[PDB]
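Before any questions on binding or motion, here is one chain by itself as structure tokens, the form deposited in one PDB entry.
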């Protein structure tokens, strides 16, 4: 079923186009739009907890777009609800972190944040400099690959659809979706002469560890200073919030 695989590609890429938040062309064109030193100081002088509220709300929105991404993947809504939640709990923030590389400019080590590009020093008030450095470093590694939009879409589909996540109830059903996505990704890389990126993808455990550290810090902040969430997915919200 060759066209089936070429189908799944178009459908992962449609889901991705509909949920990617900002077009790559817009992110690239704005690269010259950089926060001034005056604007940087304004962010650095904000309360920890206001910077936390702003960042938490951008991240909640990013997670919701990833959930919509998964929901639009052919086969995902046919998984049982338990397995949908297991997969999204384990992988949605991993996908958010990967998606960040599109908004990262390796030339000056800046990220697109609230309308302009700024470096790590923008986030000083959060007092999380080690975690922020790890996020910038990771985006720097991914940015060297020059990910195309379909590569990010297919790669992040596989971040989510991982039959190894503990707690799955219909593991063979997740495996079938995983195998088809893997074939789609590998067929696409062969067609575009891009198989060389396979050896350059983040090693096993590196995205897991960064995401673990990230979510753990978000949980600490939410314990100290809870944000109000525009909750759209009750079964998933209930797994992350208490």
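Numbering follows the first chain given and starts at 1.
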Per the PDB record, is the mean Cα temperature factor higher over 113 to 121 or over 86 to 94? 113 to 121
Would 154 to 162 or 126 to 134 have the larger average of its C-alpha temperature factors, as given in the entry? 126 to 134
Go through 63, 181, 40, 174 one by one and give the residue whose Cα B-factor in the PDB entry is largest. 40
Going by what the PDB entry lists, where does residue 54 fall on CA B-factor within its chain: lowest, middle or highest third? lowest
Residue 68 - Cα temperature factor, lowest/middle/highest third of chain: lowest
Splitting the chain's C-alpha B-factors into thirds, which one does residue 187 fall into? lowest
In terms of its chain's C-alpha B-factors, the third that includes residue 197 is the middle
Relative to the other modelled residues of the same chain, rank the CA B-factor of residue 211 and answer lowest, middle or highest third. middle
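This next part talks about the form deposited with a small molecule bound, which is not shown.
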Can all three of 55, 96 and 123 be found with a heavy atom no more than 4.5 Å from the small molecule in the bound PDB entry? yes
Counting only non-hydrogen atoms and a 4.5 angstroms cut-off, does residue 40 reach the small molecule in the bound PDB entry? no
Considering only heavy atoms, tell me if residue 158 and the small molecule come within 4.5 Å of each other in the bound PDB entry. no
4.5 Å heavy atom contact, residue 9 to the small molecule in the bound PDB entry: no
Is there a heavy atom of residue 135 lying 4.5 Å or less from a heavy atom of the small molecule in the bound PDB entry? yes
Selected contact from 79, 131, 73, 163, since only one has a non-hydrogen atom within 4.5 angstroms of the small molecule in the bound PDB entry: 131
